[PDB]
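Below sits a lone chain in structure tokens, taken as the form deposited without the ligand.
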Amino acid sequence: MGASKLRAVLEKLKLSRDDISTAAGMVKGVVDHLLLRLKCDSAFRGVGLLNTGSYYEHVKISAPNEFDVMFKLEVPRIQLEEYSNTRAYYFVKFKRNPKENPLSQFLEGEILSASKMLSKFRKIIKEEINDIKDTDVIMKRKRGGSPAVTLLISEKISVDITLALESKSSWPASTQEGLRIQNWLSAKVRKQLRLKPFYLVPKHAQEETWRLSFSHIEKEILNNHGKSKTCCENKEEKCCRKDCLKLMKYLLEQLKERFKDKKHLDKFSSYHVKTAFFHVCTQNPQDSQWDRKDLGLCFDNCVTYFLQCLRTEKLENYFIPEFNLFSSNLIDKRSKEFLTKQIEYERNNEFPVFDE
């Protein structure tokens, strides 16, 4: 009745795999066509798809009508400038003059404008959809932000397109003490990953700032998650790390759905639960600590960690330690206290929100 209740939840989540894989092929077709149009613009010359996120991390449990798409764009010779003491928000400057780089049209005086660039990006996708008489793909006129472009394929699939800059540079100094995988995935692996580029997605806190993004590293360490190189590659090594992340994601989803009226949980996201999960992985580096037989025990440790972040109002970004995702400024004290009472109730009543 214990971990077997959770096993039955995970079995129910497999039924939606065929509907999610069908709808992912719908999005890929649309996104691949938009990528060809974006490649025609000399500003979006180096544009490419970044195959990161829940679907590619094999943790896309539910919401077959909701997808998130990422688009990279190589920005060579970059110059960063930390916005205030927000260790994740930066200003994008250029190491060499405007004639050299093609993004020069979006420069708002030595500083790249995220609003000037996202408006061009939106304008291209909009005219591409308008030119094509297909009544299936429709762009929704949103409030702003990033993903600033949100599409609706076949009047059902909502897609969230995000634009990101790729910097093949050394990661910013704010990430110096982040990614604590040395005793789990190894010091060799941490060195290897830190040589890979980092991304910058437009996000305010000055409106012309960009937040650091490591969606690729998150995918890389989720699909190679064990200390043993052969983890989940055979019957004797099937761990429950991904099952736990799936269950934490589903716990937040169902709680958000249950309280979609008194909206306290709308500030919470599947990224908060993913970030907390990576911290639980750092606390439990052995594959012994993630046995398939101990699913109940492992999921309970994931819930307890998340409860501690809500109670202490502290959830560090896995890559930028000084960036507190649960800071009083990003999420208020009352929303965190409300979620704490709901997770405490769920944990105490054998999780009724999962049940049929």
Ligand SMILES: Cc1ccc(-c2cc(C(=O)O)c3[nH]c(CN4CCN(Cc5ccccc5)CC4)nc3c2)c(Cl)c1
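Note that residue numbering begins at 1 and tracks the sequence as displayed. We call the rigid core the largest set of C-alpha positions that still match within 1.5 Å between the two forms.
Not on display, but discussed next: the form solved in complex with the ligand.
In this form the binding site is blocked, since the ligand, overlaid from its pose in the deposited complex, puts three or more atoms within 2.4 angstroms of backbone or C-beta atoms.
Note on contacts: among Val27, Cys309, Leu38, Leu50, the single residue with a heavy atom within 4.5 Å of the ligand in the deposited complex is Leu50.
Residue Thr275 is the only one of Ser167, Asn284, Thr275, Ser113 with a heavy atom lying within 4.5 Å of the ligand in the deposited complex. Heavy atoms of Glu208 never reach within 4.5 Å of the ligand in the deposited complex, leaving it off the interface.
Remark: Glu218 counts among the residues lining the ligand in the deposited complex, judged by a heavy atom distance of 4.5 Å or less. Proximity of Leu212 to the ligand in the deposited complex falls within the 4.5 Å heavy atom cutoff. Residue contact check for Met70: one or more of its heavy atoms lie within 4.5 Å of the ligand in the deposited complex. Only one segment in the set 267-275, 74-82, 123-131, 104-112 has any non-hydrogen atom within 4.5 angstroms of the ligand in the deposited complex, and it is 267-275.
Only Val59, out of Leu295, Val59, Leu325, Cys309, shows a C-alpha shift of 2 Å or more between the shown form and the other one on alignment of the rigid core. Comparing the forms between the shown form and the other one on their rigid core, the Cα displacement of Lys142 reaches 2 Å or more.
Inter-residue distance, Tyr56 to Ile161 (Cα): reduced by at least 3 Å in the deposited complex versus the depicted form. An increase of at least 3 Å in the separation of the C-alpha atoms of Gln182 and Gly53 is found in the deposited complex, compared with the displayed form.
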